[PDB]
Each structure stands twice: as structure tokens, then as C-alpha cells.
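# Observations on the three-dimensional arrangement
The residues making up each chain are set out below.
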Amino acid sequence: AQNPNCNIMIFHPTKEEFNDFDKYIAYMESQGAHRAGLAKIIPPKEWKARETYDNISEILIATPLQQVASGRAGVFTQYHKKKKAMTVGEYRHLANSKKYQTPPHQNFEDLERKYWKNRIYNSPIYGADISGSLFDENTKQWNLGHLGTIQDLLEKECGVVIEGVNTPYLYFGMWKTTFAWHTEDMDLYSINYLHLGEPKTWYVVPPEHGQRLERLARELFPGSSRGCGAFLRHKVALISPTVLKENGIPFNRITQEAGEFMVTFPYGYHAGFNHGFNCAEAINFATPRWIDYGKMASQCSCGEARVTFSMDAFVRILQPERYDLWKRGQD
Ligand SMILES: O=C(O)CNC(=O)C(=O)O
Ligand SMILES: [Mg+2]
Ligand code: NI
Ligand SMILES: [Zn+2]
């Protein structure tokens, strides 16, 4: 069995190997990369996402989200307060202001310590989930707006033809902006490219151990657990590495830098934070190996999770017994 300790693997494809996306995902899996829940892919030196970022300040962040925490430093939830629209140029200036800028620090480890000590005492503003792409149309390799669609994968594997679309999303971050513990919708894969700026630190639980994290989360957030049998789908709960280690939960960590891809694998729980002003692009995707995870994915039906249009078909075809309850939570 490859990668039996479920370590995060780092890949350096050559320019030839970078041509065929599906083939390279299958290669990484042949080496056991999925067992970690997360892999890093460093593009070949000949590749570029686009020519320059000199022209991005005019993008609009229609609904910036202020991430307000409640709890203790290692076990907290966050809620998103909507703020007035601002441009990327306005948001970058805000990120760099004295109130929001990254503090002086020695190295990534010192910064990580400061994040977990102090996160709860601040409310950073995140420009998340903005439909769009920063890949040049002429970039043919690993262009996240030119991937094979999840609908097409389901049609090819299962023969059924469904509505829905699959497009990328932009994320503008600042110091302390936070992504809560989650798996993807329908336990899909994700791929994330850090276009520019400061790093992103990730934490991940191996898919084979995801239910250990779920059981800890039910203990740590007991009112939330009574509210919903899949409350991690709400994407609001944080648990620190120190608390994970105290409770024996297997996990790994890695820091992504600008120019690097990360892939999350089906049912790989992940969480993390941004080091300073940055911009990432991410999208969900499927492979044949995903289908069994899609069939078994948990679902929130309490109303909180609310998701895209395109998840309807996935539930309807893969989980017909659950469909009626889940759709009530959508409506
Ligand atoms: O970058 C972020 O804030 C969150 N991204 C992801 O959870 C992902 O790419 O799957
Ligand atoms: Mg612009
Ligand atoms: Ni994710
Ligand atoms: Zn719920």
C-alpha cells in the first residue's frame, strides 16, 4: 500500500507531464497521494498562469465577509458579517493597513503560533467565493477554467445526462482570514492555485480517518451537533493543531506559496488561514474514483448549508433516498 502514513506529498511534474491533467491526478494517486487528503503540485519552470497581475485592482468584491469568532483560541466558530462592496485595490489597501496587516514575525512557524494564539481577538475581512478566473485563455495546461466538468464525468461513468455547470471561484485574503474545517460539496476533489501574494497554511485529516474528526467536532460543538447531523457542512468550526494532537486526531500541515497548486481529495477534511494579502482560484472536480464517495457523502438538511444549483442533480442521481429531505433544506 503506497503512503501508509498518509503524508502530504509534493510533486514536480515536467512540462510533458503537465499536459494531461486527468492522467497526472491518476499518477499521484498511484503513488498514494490521496491518502493524505491533500497534495502540493509545483508547476514546471516553463509554465505560467498569466503574463502579469498588474491589472487586477478593478475586480469587484461585491460582498466582503468580516469573519467574527466566538469560543476559545483553539476551539471556536466564526460567522460571516456582510460588508459593503469594494474593489480589489480597495481591499488590498485595507489588508495592508495597520489594523489588518501581518505582524512582524521570524518565519512561518512563528506566524502560525501567533495565528492560533490571537485569531479570535480580531475580525479579518475575506473576499470569498467570487465567480471568475485569472488564468489567461492561452494557458493550456492546468487552467482551472478549462477543466472537464463534473457533469460530463458523471455522464461518462454512469450514462446519465444532467443539468448544471462547474466554474471557478476567486478568493481574496488577508492576515488571519480563515477557512473552517470541511470537505467539499458531495465530497468532491478541489484544486486551488495561489495566484499572487502571501502564503496560505493548510491542515488536513486523511480521508480514512475523517470520522475521527467528526466525532471530536460533535464533542466540542455539542449544541451544533444536536442541530444538525452534518454540521461541518456549515463551514464555521475551527479546531487548532494543539487541540487535535491532545485528542489523538491524525492530521498534517503544509504551507502553500504563490505559484503553487494544492489538490484536496474526496473526503479529505481541511482548514487553514492566509498569511497576508493574497489571491487564490479554486474549483471542484471529479474522477471515476470519486463516484463512490459521492454516493456516501453526508448531507446537511437543516437549512444552514445552502449550496449551488448544480448539487441538485448530484443528490438526485447518486442519493435518491436522501433527495426529498435534502431539497427541503434547500427550500
Ligand atoms: O482558499 C480557501 O479559503 C478555501 N479553499 C478551499 O477550501 C479549497 O480550495 O478547497
Ligand atoms: Mg482589474
Ligand atoms: Ni475546500
Ligand atoms: Zn445543517
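Residues numbered from 1 in each chain as written, not as in the entry; some residues may be left out. Chains lettered and ligands numbered in written order. Heavy atoms only, no water. Residues with missing side-chain atoms left out of burial classes, pairs and counts.

### Here we look at the overall build of the chain
Broken down by element type, the chain carries 10 helices and 16 strands. For the chain, the spread of C-alpha atoms along the principal axes amounts to about 55 × 50 × 40 Å. Within the chain, counting contacts between residues at least 6 apart in sequence, those at least 24 apart form 83% of the total. (Helix = DSSP H or I, 4+ residues; strand = E, 2+ residues; numbered from the N terminus. Contact = heavy atoms within 4.5 Å.)

### Things to note about the coordination of the nickel ion (ligand 3)
Octahedral six-donor coordination of a metal ideally yields angles of 90 or 180 degrees, compared with 109.5 degrees for tetrahedral four-donor coordination. The coordination sphere of the nickel ion (ligand 3), as far as protein atoms go, consists of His182 (NE2), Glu184 (OE) and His270 (NE2), spread over 2.1 to 2.2 Å. Written as a sequence motif, the donor residues of the nickel ion (ligand 3) are H-x1-E-x85-H. One end of the pair, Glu184, is in the loop between strand 9 (178-182) and strand 10 (189-197); the other, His270, is in strand 15 (residues 269-274), and 86 residues separate them in sequence. Take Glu184 and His270: they sit in the same class, and that class is buried. (Donors = N, O, S within 2.8 Å, 3.2 Å for Na, K, Ca; no water. Buried < 20%, exposed > 50% of the residue type's maximum accessible area, 1.4 Å probe, protein only.)

### Looking at the site of ligand 1
Lining the immediate environment of ligand 1, one finds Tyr126, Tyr171, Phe179, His182, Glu184, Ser190, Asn192, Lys200, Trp202, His270 and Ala282. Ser190 is positioned such that a nitrogen or oxygen atom in its side chain is 2.7 Å from an oxygen atom of ligand 1. For ligand 1, an oxygen atom lies 3.1 Å from a polar atom in the side chain of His270. In isolation ligand 1 exposes 290 Å². Once the protein is present, 93% of that is buried. Contributions of two or more residues to the shell around ligand 1 are made by strand 9, strand 10 and strand 11 (200-205). (Near = heavy atom within 4 Å. Polar contact = N/O pair within 3.5 Å; in protein donor to acceptor, adjacent residues only side chain to side chain. Areas by Shrake-Rupley, 256 points an atom, 1.4 Å probe, with all protein chains shown as cover.)

### Overview of the pattern of salt bridges
All told, the structure shown has 11 salt bridges when counted by the stated rule. The shortest N-O distance in the salt bridge between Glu29 and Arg289 comes to 3.0 Å. In this pair, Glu29 is assigned in helix 1 (residues 21-30) and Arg289 in the loop between strand 16 (278-285) and helix 8 (290-296), connecting sequence segments 260 residues apart. The exposure class assigned to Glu29 is buried, which follows from its relative accessible area of 14%. (Salt bridge = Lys/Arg side-chain N within 4 Å of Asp/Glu carboxyl O.)

### A look at the sheet that holds strand 5 (residues 75-82)
Spatially, 1-2-14-10-16-8-7-4-5-12 is the arrangement adopted by the 10 strands of the open sheet, whose pairing is mixed. Among the strands making up the open sheet, the edge pair consists of strand 1 (9-11) and strand 12 (237-239). Strand after strand, the sheet turns through a mean of 25 degrees between neighbouring axes, direction not considered. Pairing between strand 1 and strand 2 (residues 38-41): 3 bridges, direction parallel. (Pairing = 2+ DSSP bridges. Axes fitted to C-alpha atoms, helices over the stretch in contact; angles between N-to-C directions.)

### Re the UniProt feature "domain: JmjN" in the chain
With numbering matched to this structure, UniProt assigns "domain: JmjN" to residues 8-50. Taken end to end, residues 8-50 comprises 23% helix and 16% strand; its first and last C-alpha atoms sit 27 Å apart. (UniProt positions renumbered as here; feature names shortened; annotations may be inferred.)

### Points about the nonpolar core
Among the nonpolar cores identified, the biggest contains 39 residues, and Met28, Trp142, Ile191, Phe261 and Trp290 are the most heavily contacted of them. For this core, the element with the highest residue contribution is helix 9 (residues 311-318), accounting for 5 residues. Those residues within four positions of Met28 in sequence are excluded, and the remaining contacts are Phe11, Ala33, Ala39, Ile41 and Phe265. (Core = buried A, V, L, I, M, F, W, Y, C linked by side-chain atoms within 4.5 Å.)

### Some remarks on the pairing of strand 4 (residues 65-72)
One ladder, built from 8 bridges, connects strand 4 with strand 5; its direction is antiparallel. From the neighbouring strand, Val68 faces strand 5, where its bridge partner is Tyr79. Hairpin connection between strand 4 and strand 5: a loop of 2 residues separates the two successive antiparallel strands. Taken together, the 2 bridges between strand 4 and strand 7 (residues 125-131) define a ladder with antiparallel strand orientation. When the bridges of strand 7 are listed, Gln66 appears paired with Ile125.

### Here's the deal with the packing of aromatic side chains
Under the defined criterion, the tally for this structure stands at 31 aromatic pairs. The interplanar angle of 90 degrees and the centroid separation of 5.7 Å between the aromatic rings of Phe18 and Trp47 together place this pair among those described as edge-to-face. Taken together, the residues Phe18 in the loop between strand 1 and helix 1 and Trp47 in the loop between strand 2 and strand 3 (60-61) connect sequence positions 29 residues apart. The exposure class of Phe18 is buried, given its relative accessible area of 0%. Note on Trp47: relative accessible area 11%, which makes it buried. The interplanar angle of 70 degrees and the centroid separation of 5.8 Å between the aromatic rings of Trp116 and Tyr203 together place this pair among those described as edge-to-face. Placement of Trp116 in helix 3 (residues 108-118) and of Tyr203 in strand 11 is noted, with a sequence separation of 87 residues between them. (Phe/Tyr/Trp six-rings, centres within 6.5 Å; stacked < 30°, edge-to-face > 60°.)

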